[PDB]
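K.L.:
Could you have a look at this structure, given as structure tokens, before my questions?
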Amino acid sequence: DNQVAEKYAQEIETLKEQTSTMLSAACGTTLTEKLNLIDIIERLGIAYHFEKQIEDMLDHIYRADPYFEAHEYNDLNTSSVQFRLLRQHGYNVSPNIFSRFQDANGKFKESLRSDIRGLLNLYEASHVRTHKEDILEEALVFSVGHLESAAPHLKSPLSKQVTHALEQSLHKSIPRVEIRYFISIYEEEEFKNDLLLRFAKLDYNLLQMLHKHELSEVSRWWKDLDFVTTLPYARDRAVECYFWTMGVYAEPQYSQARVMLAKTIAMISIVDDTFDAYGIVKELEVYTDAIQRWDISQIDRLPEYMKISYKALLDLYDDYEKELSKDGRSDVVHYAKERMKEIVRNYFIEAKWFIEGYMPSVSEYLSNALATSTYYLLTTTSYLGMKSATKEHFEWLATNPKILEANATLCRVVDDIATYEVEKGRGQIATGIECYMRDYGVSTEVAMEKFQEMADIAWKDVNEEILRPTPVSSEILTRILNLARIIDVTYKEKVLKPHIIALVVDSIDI
């Protein structure tokens, strides 16, 4: 409602100003409490109003006391929270800061097992680890053991937080989903800031109104295309397509970006349905070629049912160019278009393997299947609606940089792990787990562990690629991180349904 949103926005304006003042006057507070305020504001989801301000405070913290000496760092919780925040914001702080909580043989002190809060934040900090950080490997095994054993006697909401954290860590979760969860936690606390809490609830509800509005636009666009009238076997799933985009960015300024990303995801869906409709290779062949050539002149080459998706592909990417024209960014669209061509090529390749009954080696499989994860296309498309994403960012993306490869690898391997424990054989025999078994001459258990390891490695790659100096800005990288987060949670189905409801259906009671 127009006037409910206005009321929210008005109060938020003032609450924002009071919170900015609150961050300014954490200047003369202990480190522990500066960290707690930032952590609370960030987890309440209102940190985006204060981006540069928070980023300056953290930068200062990183530079002020680099060899975490002085007495506050004797506190596990303070060290763990600073470590996580700094690493998440791209500051390459050494896990050597945890050395003091360890004795001779690199084992964490048993005396720490009574500090549940500290253990919890130690745990969260450990999931930001990258390669060859054994201290953090040890922190993970150590905190997990003690948190699991203490949970039965913990009171709420701390008990809740611990259980939740153990199932999926903060750093590897969908930000908006965690924000809604953390708001419920903070509500339940006794010593909370009622202003920040109210600010967080109003801002969540206001953002959600925008999100419902965007979803309506996506949904009306889909209905206008009228696919289910011409392709009645096509999946009618616009909501699911739009949902992913709230995981990539929730903030108001990425509104145009979400709607654009939403539409490409829906079009991917339509291209999948078109590929799988008959599976007649001669048809897939001309479809694929027509897409590579990408021109309306090609539409007459196609079977009738394929003309439908082809014109809508073409119209969609035209609209993108027209829409960005206002900002002189029409020229970035062809980078997303290229990823769309790429995925169709790879769709064709696996279709043919399937027909030929060919089982690719792991290398051949991955060479094809990173793209069919859609994550090159989805990543690239997430920048179409961001004014701050320039030609140089798309040029970078085109090089298939490490963080993108890791993102897609994560998505591919975690999907393959999930779909093997189910469909096992038939498919598409040529699933990734089956390919590994045959290629390396190992069993299913071993093939599974290797895919699990590749996901772990993917996470470590991402966690390292976000540490400064970075090749592109934190804002650009956070879209890729967020795509990693979404796929990790999804495959930990209608696994997303309670999240759809929390994000786009149910408002928070004020």
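Residues 37 to 528, 538 to 555 in the UniProt record's numbering are what the sequence shown lists, from first letter to last.
Just so it is clear, CB atoms sit at the ideal spot from N, CA and C, and this is done for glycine as well.
1. Less than 8 Å between the C-beta atoms of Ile344 and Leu267, yes or no?
2. Give me the Cβ distance between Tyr371 and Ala434, rounded to the nearest whole Å; I'm assuming they're in contact under 8 Å.
3. Output yes or no for whether 8 Å exceeds the beta carbon distance between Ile453 and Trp280.
4. Answer yes or no: do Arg212 and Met296 have a C-beta to C-beta separation smaller than 8 Å?
5. For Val264, count the other beta carbons within 10 Å of its own beta carbon; 16 or more makes it buried, fewer makes it exposed. Which is it?
6. Give the list of continuous alpha helix (DSSP H) stretches no shorter than 4 residues that lie fully inside the stretch 345 to 381.
7. Would you check if the stretch 93 to 110 and the stretch 64 to 76 touch, i.e. whether three or more CB-CB distances between them fall below 8 Å?
8. Restricting to runs no shorter than 3 residues, where is the beta strand (DSSP E) found entirely within the stretch 424 to 502?
9. Use the C-beta contact count for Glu53: other C-beta atoms within 10 angstroms, 16 or more gives buried, fewer gives exposed.
10. Residue range of the alpha helix (DSSP H) that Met395 falls in?
11. Where do the N-terminal and C-terminal ends of the alpha helix (DSSP H) with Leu94 fall, by residue?
12. May I ask you to list the residues that DSSP assigns as paired with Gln138?
13. Looking only at its chain, what residues have a beta carbon closer than 6 Å to the beta carbon of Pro193, apart from the 5 residues adjacent to it on each side?
14. Label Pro505 either buried or exposed according to how many other C-beta atoms from any shown protein chain fall within 10 Å of its C-beta, with 16 as the threshold for buried.
15. Could you round the C-beta distance between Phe144 and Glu184 to whole angstroms and report it? I think they count as a contact, below 8 Å.
16. Taking the alpha-carbon of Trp389 as reference, which of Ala425, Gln464, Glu146 has the nearest alpha-carbon?
17. Does the stretch 404 to 423 touch the stretch 335 to 351, meaning 3 or more C-beta pairs lie closer than 8 Å?
18. Check whether the Cβ atoms of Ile133 and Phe178 lie closer than 8 Å to each other.
19. Given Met245, which residues of its chain have a CB within under 6 Å of its CB, disregarding the five upstream and five downstream residues?
20. Mind reading off the beta-carbon distance from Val369 to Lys299? Whole number of angstroms is fine, and I expect it under 8 Å.
21. Evaluate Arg294 with the Cβ neighbour count: other Cβ atoms within 10 Å of its Cβ, from every protein chain shown; 16 or more gives buried, anything less gives exposed.
22. Cβ of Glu386 within 8 Å of Cβ of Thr408?
23. Could you tell me whether the stretch 467 to 479 touches the stretch 48 to 62, where touching means 3 or more Cβ pairs closer than 8 Å?
24. Taking the alpha carbon of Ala236 as the reference point, which residue from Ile82, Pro507, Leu414 has its own alpha carbon closest?
25. How far does the alpha helix (DSSP H) with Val284 in it reach, from first residue to last?
26. Rounded to the nearest angstrom, how far is the Cβ of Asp151 from that of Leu112, given a contact under 8 Å?
27. Beta carbon of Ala302, beta carbon of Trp330: below 8 Å?
28. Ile306: buried (16+ other C-beta within 10 angstroms of its C-beta) or exposed?
29. In terms of residues, what are the limits of the alpha helix (DSSP H) holding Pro211?
30. Our contact map puts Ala62 next to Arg120 with C-beta atoms below 8 Å; I'd like the distance itself, whole angstroms only.
31. Since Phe311 is in the alpha helix (DSSP H), which residue starts that stretch and which ends it?
P.N.:
Per the coordinate set shown:
1. yes
2. 6 Å
3. no
4. no
5. exposed
6. none
7. yes
8. none
9. exposed
10. Run containing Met395: none; DSSP gives neither H nor E here.
11. 87 to 100
12. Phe144
13. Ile221, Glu224
14. exposed
15. In fact, because the Cβ distance is near 15 Å, the residues do not count as touching under 8 Å.
16. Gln464
17. no
18. no
19. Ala41
20. Between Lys299 and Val369 the Cβ distance is about 12 Å, and since that is not below 8 Å, they are no contact.
21. buried
22. yes
23. no
24. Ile82
25. 274 to 284
26. 6 Å
27. no
28. buried
29. 211 to 224
30. Going by Cβ atoms, the distance from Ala62 to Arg120 rounds to 18 Å, so no, they are not a contact pair.
31. 291 to 312
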